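Please read the structure below before turning to the comments.
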2 protein chains.
Amino acid sequence: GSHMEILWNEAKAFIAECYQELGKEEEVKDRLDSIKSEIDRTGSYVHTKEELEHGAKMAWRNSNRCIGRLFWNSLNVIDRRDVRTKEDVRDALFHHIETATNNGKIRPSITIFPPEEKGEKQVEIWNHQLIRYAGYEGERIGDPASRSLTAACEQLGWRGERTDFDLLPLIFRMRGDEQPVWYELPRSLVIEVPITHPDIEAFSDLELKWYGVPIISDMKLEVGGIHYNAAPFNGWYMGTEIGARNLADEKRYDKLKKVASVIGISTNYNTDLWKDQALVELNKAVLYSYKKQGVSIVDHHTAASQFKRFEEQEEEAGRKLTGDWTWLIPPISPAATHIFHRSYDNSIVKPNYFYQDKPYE
Amino acid sequence: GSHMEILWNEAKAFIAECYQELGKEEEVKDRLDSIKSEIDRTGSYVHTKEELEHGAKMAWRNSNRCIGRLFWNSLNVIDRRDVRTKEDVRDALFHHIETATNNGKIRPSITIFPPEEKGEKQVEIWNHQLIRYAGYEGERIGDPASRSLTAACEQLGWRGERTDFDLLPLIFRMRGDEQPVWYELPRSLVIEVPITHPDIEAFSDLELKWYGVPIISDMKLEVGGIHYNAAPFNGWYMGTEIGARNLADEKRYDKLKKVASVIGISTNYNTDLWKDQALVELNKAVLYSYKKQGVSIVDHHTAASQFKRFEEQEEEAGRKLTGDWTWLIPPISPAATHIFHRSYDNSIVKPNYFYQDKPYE
Ligand code: HEM
Ligand code: HEM
Ligand SMILES: C[C@H](O)[C@H](O)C1=Nc2c(nc(N)[nH]c2=O)NC1
Ligand SMILES: C[C@H](O)[C@H](O)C1=Nc2c(nc(N)[nH]c2=O)NC1
Ligand SMILES: NC(=[NH2+])NCCC[C@H](N)C(=O)O
Ligand SMILES: NC(=[NH2+])NCCC[C@H](N)C(=O)O
């Protein structure tokens, strides 16, 4: 009763806004009549390729926490609403990885899977990111952030070699099944980059490496009232995410003290700012490495610079700019970018991407 | 009518809270009766030395934007509510600088001047900070942030030598006067620190220097409904304020490109992260310099560390912790401190320090 109401309201708002940007303002009337009857007949409606394709772009545009929004209208939308089997999902996910990686020249993409019907999911992705390292304990081994999921995967028959860089398998659940299925990722499909330094040879002794493409797979894409709980998307990495966070946080890989060792500085006094010097060399190492292997990556200054350009375009287009200051600023040298020196309206506008409760844990 | 009401309400709240922390809970009743009659008789009330002394500490404790709050109960409170002349104010300000500096071993202090009576100020301080460099234009000369005030001072007969480090004079206005008076600061009273690097000799070619003690002089101290528009206070510097902001911001001294030059790195590509490397060396230079001249200063890691300890004590004391995440995180390596990894309630609690409209501009 109330669900059929919210749906209709969100649909009217989205079609109008969408068709207005698409230059199909006259087609709004006839399109809404079709949707009204569809919601009554079934209890939901089916987007057109053009609608979800542009709704996925708009959602990216409204992602307050994303710094790379300047490239919103270039998103490669892959429609996989025709998937029925676990093999279809697996192949789609394999396809996403292959096409997004694009031999290094990363292509920002998103694979749309069937959305929820009567609130129930058709495809449920468990993975945070399609490619991600596992985490274990006795003493820290791997990525701590992957612990709860690594345990869940292991409760399904999967076993990691217990190195710091074990690739978690693809784990998802189809409607009608009680437990998710899993598939080990084909290594030929996964690009990893060993981390080295341009001027410091000893850096390779740290034996650090990271994967090339971050593919957030556990967020909900909401478009015109339709909940696409499964819509894996990807951009390329901003070096800081790997160097100033993934390999730096005490709760993650905690490598700063070790970096200080190989670069030849002491860790005795904070006044020497060894952590800061360590972060700069670790981050330079990351940028130099990806570039060297031919994998797309962006430094935080270029990214902020591109994001400034984004803000201007939104002003030029007549749209209100929204953002989360605390996430837009890079973890390293935030005051060196314009983002630090201004404020952002952190209001939620749809369509968008949202967090959803994890099936495990 | 309404002013006499707000005053009474704020007073009841403060005395109770104050006397509770002071262990003088029984004296609350008798103290409030005296205040009630005082407000009726005159239209305001006079704090006791103990009250404003502790109210100034509490206010510091509630300063969401201050990272050095762990040292709140050690604040050296100087009561100068007996000042009547411009000479009294001038001497008090000279005294504050002398006693706070303390030959380098900076002493966190605050000089309390007469508060507002019927909304009107008795002493109006124009200076943002007691010691501060001037700013000019044709091309940038000095500190851009001091421009509007430098122009105002010059409209009063003062003239700067137009170097990048001209000391602004003390400028304030007494009740009853239309224009403020000014007094050049005695150099013997002002500690400045030339900036040098421990490992890079050429750094001195930049000829950078900064003053030792930051003394915010334009904030309002509100305690139990009493508005002390003039209450200059000071702590010591956190290196980042000078190196990652005062000398780094494009709108301030903009020295990063020049720092890159003296340390021997190129400014050609963002991927080399030259700004970050530049910031680290500039910041190390700052810390090493103050320490070398015997002037108190604190690095951002020690400060965050001290602030963590602060949060714990507030939990142990039973008090709610409040803070502004965007100001607590240091401009350099914020993710390396605990402040980055948590959230803070940015609610305003009194007593406190507030911004007030600038007389100039
Ligand atoms: C093209 C390159 C892209 C760059 C450089 C970029 C960069 C970023 C960065 C640095 C963050 C912060 C990540 C973190 O701190 O964990 C972020 C978050 C986000 N980005 Fe992107 N992004 C890109 C593409 C995309 C795409 C293709 C989409 C969606 C269609 C998108 C959606 C989002 C969203 C929803 C967030 C928030 C994620 C979260 O809360 O965990 N971004 N992006
Ligand atoms: C003892 C050493 C102290 C340290 C290390 C310290 C540090 C800081 C830092 C780093 C900031 C940010 C400044 C900026 O970004 O411009 C700040 C702000 C502030 N501090 Fe402190 N502080 C100290 C003492 C004090 C004292 C003595 C008081 C007051 C009695 C105080 C009151 C405040 C207030 C109100 C702010 C906000 C200032 C503004 O908005 O411009 N702090 N403090
Ligand atoms: C919530 C979390 O603990 C923390 O407050 C924030 N995390 C992040 C952040 N910034 C980015 N980009 N990514 C984060 O994960 N700033 C704030
Ligand atoms: C308001 C200003 O432009 C900016 O948003 C903020 N300034 C400061 C900041 N942090 C500190 N400590 N000091 C600032 O001046 N972060 C945010
Ligand atoms: N640039 C991006 N597309 N980032 C998406 C999130 C990546 C995540 N912060 C990571 O380091 O794994
Ligand atoms: N540590 C302090 N007490 N800082 C107070 C403000 C100083 C100001 N940010 C400056 O650099 O001049």
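Ligands are numbered from 1 in the order shown, chains are lettered A, B, ... in the order of the structure tokens, and residues start at 1 in each chain.
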- Residues of chain A within 10 Å of chain B, only C-alpha atoms counted, as a ChimeraX atom specification: /A:198,239,244-245,248-250,256,269-281,283-288,291,297-302,325-326,330-338,340-341
- Write as a ChimeraX atom specification the residues around ligand 6, taking 6 Å as the cut-off and counting only C-alpha atoms and all ligand atoms. /B:214,234-238,241-242,246
Selected residues written out with N, CA, C and O atoms, as a PDB file, in the first residue's frame:
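The new file again37.pdb reads:
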ATOM      1  N   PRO B 214      51.539  32.901  19.345  1.00  0.00           N
ATOM      2  CA  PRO B 214      50.277  33.294  18.702  1.00  0.00           C
ATOM      3  C   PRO B 214      49.345  33.698  19.828  1.00  0.00           C
ATOM      4  O   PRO B 214      49.130  32.925  20.748  1.00  0.00           O
ATOM      5  N   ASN B 234      46.539  32.810  24.735  1.00  0.00           N
ATOM      6  CA  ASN B 234      47.593  32.186  23.951  1.00  0.00           C
ATOM      7  C   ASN B 234      47.976  30.791  24.437  1.00  0.00           C
ATOM      8  O   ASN B 234      47.835  30.456  25.619  1.00  0.00           O
ATOM      9  N   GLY B 235      48.465  29.998  23.494  1.00  0.00           N
ATOM     10  CA  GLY B 235      48.979  28.671  23.775  1.00  0.00           C
ATOM     11  C   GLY B 235      50.314  28.727  23.036  1.00  0.00           C
ATOM     12  O   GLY B 235      50.878  29.819  22.867  1.00  0.00           O
ATOM     13  N   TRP B 236      50.888  27.587  22.671  1.00  0.00           N
ATOM     14  CA  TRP B 236      52.105  27.622  21.872  1.00  0.00           C
ATOM     15  C   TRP B 236      51.671  27.114  20.508  1.00  0.00           C
ATOM     16  O   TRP B 236      50.556  26.628  20.359  1.00  0.00           O
ATOM     17  N   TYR B 237      52.551  27.213  19.522  1.00  0.00           N
ATOM     18  CA  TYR B 237      52.255  26.781  18.168  1.00  0.00           C
ATOM     19  C   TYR B 237      52.396  25.288  17.925  1.00  0.00           C
ATOM     20  O   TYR B 237      53.210  24.610  18.561  1.00  0.00           O
ATOM     21  N   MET B 238      51.577  24.786  17.002  1.00  0.00           N
ATOM     22  CA  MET B 238      51.682  23.410  16.537  1.00  0.00           C
ATOM     23  C   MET B 238      52.359  23.736  15.202  1.00  0.00           C
ATOM     24  O   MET B 238      51.886  24.607  14.461  1.00  0.00           O
ATOM     25  N   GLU B 241      50.649  24.821  11.756  1.00  0.00           N
ATOM     26  CA  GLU B 241      50.010  26.109  11.533  1.00  0.00           C
ATOM     27  C   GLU B 241      50.912  27.067  10.768  1.00  0.00           C
ATOM     28  O   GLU B 241      50.439  27.884   9.988  1.00  0.00           O
ATOM     29  N   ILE B 242      52.214  26.962  10.995  1.00  0.00           N
ATOM     30  CA  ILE B 242      53.180  27.830  10.333  1.00  0.00           C
ATOM     31  C   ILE B 242      53.608  27.244   8.991  1.00  0.00           C
ATOM     32  O   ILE B 242      53.413  27.864   7.946  1.00  0.00           O
ATOM     33  N   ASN B 246      50.430  28.984   7.222  1.00  0.00           N
ATOM     34  CA  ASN B 246      50.964  30.344   7.124  1.00  0.00           C
ATOM     35  C   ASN B 246      51.995  30.555   6.023  1.00  0.00           C
ATOM     36  O   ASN B 246      51.987  31.579   5.355  1.00  0.00           O
TER      37      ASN B 246
END
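Nearest residue to ligand 3, choosing from A:247, A:66, A:224, A:102 and counting only C-alpha atoms and all ligand atoms: A:66.
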- Message: Would you pick out the contacts of range 135-140 of chain A at 12 Å or less, using only C-alpha atoms, so that residues sharing its chain but fewer than 4 positions from it are not included, and give the list as a PyMOL selection string?
- Response: chain A and resi 144-154+159-168+250-254
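Note that CA of residue 26 in chain A and CA of residue 10 in chain A are 19.1 Å apart.
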- Write as a VMD selection string the residues around ligand 2, taking 9 Å as the cut-off and counting only C-alpha atoms and all ligand atoms. chain B and resid 56 to 72 74 to 76 106 to 110 215 to 216 219 221 232 to 241 245 297 to 300 303 327 to 331 352 to 355
- Query: Distance CA of residue 38 in chain A-CA of residue 124 in chain A, one decimal place?
  - Reply: 25.0 Å
Excluding range 93-99 of chain B and residues on its chain fewer than 2 positions from it, collect all residues at most 12 Å away from it, counting only C-alpha atoms, and give them as a CSV table (one decimal) with C-alpha atoms, in the first residue's frame.
chain,number,residue,atom,x,y,z
B,76,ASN,CA,47.5,31.3,33.6
B,77,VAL,CA,44.6,33.7,34.2
B,78,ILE,CA,45.5,37.4,34.5
B,79,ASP,CA,42.8,39.6,35.9
B,80,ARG,CA,42.9,43.1,34.4
B,83,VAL,CA,42.1,48.9,33.6
B,86,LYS,CA,44.8,53.3,27.2
B,87,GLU,CA,48.1,53.2,29.0
B,88,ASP,CA,46.7,50.5,31.3
B,89,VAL,CA,45.6,48.4,28.3
B,90,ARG,CA,48.9,48.9,26.5
B,91,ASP,CA,50.8,47.9,29.6
B,101,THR,CA,56.6,34.3,26.0
B,102,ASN,CA,58.5,33.5,29.2
B,103,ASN,CA,61.9,33.6,27.4
B,104,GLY,CA,60.7,30.8,25.1
B,105,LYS,CA,59.0,28.5,27.6
B,106,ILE,CA,55.6,29.7,26.5
B,107,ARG,CA,53.0,29.9,29.2
B,108,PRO,CA,49.3,29.4,28.1
B,109,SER,CA,47.7,32.6,29.3
B,110,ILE,CA,44.7,34.9,29.1
B,111,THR,CA,44.3,38.6,30.2
B,112,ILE,CA,40.8,39.4,31.2
B,113,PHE,CA,39.8,43.0,30.5
B,123,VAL,CA,38.0,48.0,25.6
B,125,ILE,CA,41.0,45.1,20.5
B,127,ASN,CA,44.3,43.1,16.4
B,129,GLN,CA,46.7,38.4,17.2
B,130,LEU,CA,48.9,40.6,19.4
B,131,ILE,CA,52.0,39.8,17.4
B,169,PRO,CA,51.3,47.7,16.1
B,170,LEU,CA,48.9,47.2,19.0
B,171,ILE,CA,45.6,48.9,18.0
B,172,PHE,CA,42.6,49.2,20.3
B,182,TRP,CA,48.1,52.4,18.3
B,183,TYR,CA,51.4,51.5,19.8
B,184,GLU,CA,54.4,50.0,18.0
B,185,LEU,CA,55.6,46.8,19.7
B,186,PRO,CA,59.0,47.0,21.5
B,187,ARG,CA,61.1,44.5,19.6
B,188,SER,CA,62.9,43.4,22.8
B,189,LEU,CA,59.5,42.0,23.8
B,190,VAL,CA,59.0,40.0,20.5
B,191,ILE,CA,60.6,36.7,19.8
B,211,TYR,CA,57.1,34.9,15.6
B,212,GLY,CA,57.1,32.6,18.6
B,213,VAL,CA,53.8,33.2,20.4
B,214,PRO,CA,50.3,33.3,18.7
B,215,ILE,CA,48.0,35.4,20.9
B,216,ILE,CA,44.4,35.5,19.5
B,217,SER,CA,43.2,38.9,20.7
B,230,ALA,CA,38.5,41.6,25.1
B,231,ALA,CA,40.3,38.7,26.5
B,232,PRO,CA,43.6,37.9,24.6
B,233,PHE,CA,44.7,34.3,25.2
B,234,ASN,CA,47.6,32.2,24.0
B,235,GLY,CA,49.0,28.7,23.8
- Task: Determine which residues of range 215-306 of chain B receive a DSSP assignment of strand (DSSP E), computed from the backbone, and state them as a PyMOL selection string.
- Result: chain B and resi 215-216+220-223+226-228+233-234+237-238+297-298
Output file for the residues above (C-alpha atoms, as a compact mmCIF listing (two decimals), in the first residue's frame):
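Okay, result-v4.txt is ready:
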# COMPACT_ATOMS: atom_id res chain seq x y z
CA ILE B 215 47.99 35.42 20.86
CA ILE B 216 44.43 35.51 19.54
CA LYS B 220 34.80 37.03 22.81
CA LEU B 221 34.93 35.08 26.07
CA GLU B 222 31.38 34.40 27.23
CA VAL B 223 31.07 33.31 30.86
CA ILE B 226 29.00 38.09 30.69
CA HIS B 227 30.56 39.12 27.37
CA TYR B 228 34.31 39.73 27.68
CA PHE B 233 44.71 34.35 25.15
CA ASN B 234 47.59 32.19 23.95
CA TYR B 237 52.26 26.78 18.17
CA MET B 238 51.68 23.41 16.54
CA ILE B 297 56.27 24.27 19.79
CA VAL B 298 54.54 20.94 19.23
List as a PDB file with N, CA, C and O atoms, in the first residue's frame the protein and nucleic acid residues near residue 40 in chain A, meaning an atom at most 12 Å away when only C-alpha atoms are counted, but skip any in the same chain fewer than 4 places from it.
ATOM      1  N   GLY A   1       0.832  -1.242   0.000  1.00  0.00           N
ATOM      2  CA  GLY A   1       0.000   0.000   0.000  1.00  0.00           C
ATOM      3  C   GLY A   1       0.844   1.260   0.000  1.00  0.00           C
ATOM      4  O   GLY A   1       0.715   2.100  -0.893  1.00  0.00           O
ATOM      5  N   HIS A   3       4.210   1.201  -0.066  1.00  0.00           N
ATOM      6  CA  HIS A   3       5.352   0.946  -0.936  1.00  0.00           C
ATOM      7  C   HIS A   3       5.041   1.330  -2.378  1.00  0.00           C
ATOM      8  O   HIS A   3       5.896   1.882  -3.070  1.00  0.00           O
ATOM      9  N   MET A   4       3.814   1.052  -2.819  1.00  0.00           N
ATOM     10  CA  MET A   4       3.382   1.384  -4.176  1.00  0.00           C
ATOM     11  C   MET A   4       3.259   2.900  -4.351  1.00  0.00           C
ATOM     12  O   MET A   4       3.250   3.406  -5.475  1.00  0.00           O
ATOM     13  N   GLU A   5       3.156   3.618  -3.234  1.00  0.00           N
ATOM     14  CA  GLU A   5       3.041   5.074  -3.252  1.00  0.00           C
ATOM     15  C   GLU A   5       4.417   5.728  -3.390  1.00  0.00           C
ATOM     16  O   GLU A   5       4.620   6.580  -4.255  1.00  0.00           O
ATOM     17  N   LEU A   7       7.129   4.468  -4.485  1.00  0.00           N
ATOM     18  CA  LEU A   7       7.649   4.092  -5.796  1.00  0.00           C
ATOM     19  C   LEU A   7       7.207   5.073  -6.882  1.00  0.00           C
ATOM     20  O   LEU A   7       8.038   5.613  -7.618  1.00  0.00           O
ATOM     21  N   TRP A   8       5.899   5.308  -6.957  1.00  0.00           N
ATOM     22  CA  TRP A   8       5.307   6.219  -7.935  1.00  0.00           C
ATOM     23  C   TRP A   8       5.864   7.637  -7.817  1.00  0.00           C
ATOM     24  O   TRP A   8       6.184   8.271  -8.826  1.00  0.00           O
ATOM     25  N   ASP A  33       2.459   7.408 -17.906  1.00  0.00           N
ATOM     26  CA  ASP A  33       1.204   6.657 -17.953  1.00  0.00           C
ATOM     27  C   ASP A  33       1.526   5.169 -17.980  1.00  0.00           C
ATOM     28  O   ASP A  33       0.892   4.379 -17.277  1.00  0.00           O
ATOM     29  N   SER A  34       2.526   4.804 -18.784  1.00  0.00           N
ATOM     30  CA  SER A  34       2.974   3.418 -18.920  1.00  0.00           C
ATOM     31  C   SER A  34       3.463   2.883 -17.580  1.00  0.00           C
ATOM     32  O   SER A  34       3.200   1.736 -17.220  1.00  0.00           O
ATOM     33  N   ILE A  35       4.180   3.732 -16.850  1.00  0.00           N
ATOM     34  CA  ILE A  35       4.722   3.382 -15.546  1.00  0.00           C
ATOM     35  C   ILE A  35       3.623   3.228 -14.499  1.00  0.00           C
ATOM     36  O   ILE A  35       3.656   2.292 -13.699  1.00  0.00           O
ATOM     37  N   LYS A  36       2.634   4.120 -14.527  1.00  0.00           N
ATOM     38  CA  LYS A  36       1.518   4.063 -13.584  1.00  0.00           C
ATOM     39  C   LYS A  36       0.789   2.724 -13.682  1.00  0.00           C
ATOM     40  O   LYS A  36       0.547   2.075 -12.669  1.00  0.00           O
ATOM     41  N   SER A  44       5.624  -2.725  -9.672  1.00  0.00           N
ATOM     42  CA  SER A  44       6.921  -2.117  -9.940  1.00  0.00           C
ATOM     43  C   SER A  44       7.015  -1.799 -11.431  1.00  0.00           C
ATOM     44  O   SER A  44       6.097  -2.101 -12.191  1.00  0.00           O
ATOM     45  N   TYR A  45       8.126  -1.202 -11.849  1.00  0.00           N
ATOM     46  CA  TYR A  45       8.310  -0.874 -13.258  1.00  0.00           C
ATOM     47  C   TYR A  45       9.731  -1.152 -13.731  1.00  0.00           C
ATOM     48  O   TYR A  45      10.660  -1.234 -12.928  1.00  0.00           O
TER      49      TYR A  45
END
- Note on the structure: Here CA of residue 318 in chain A and CA of residue 52 in chain A stand apart by 22.3 Å
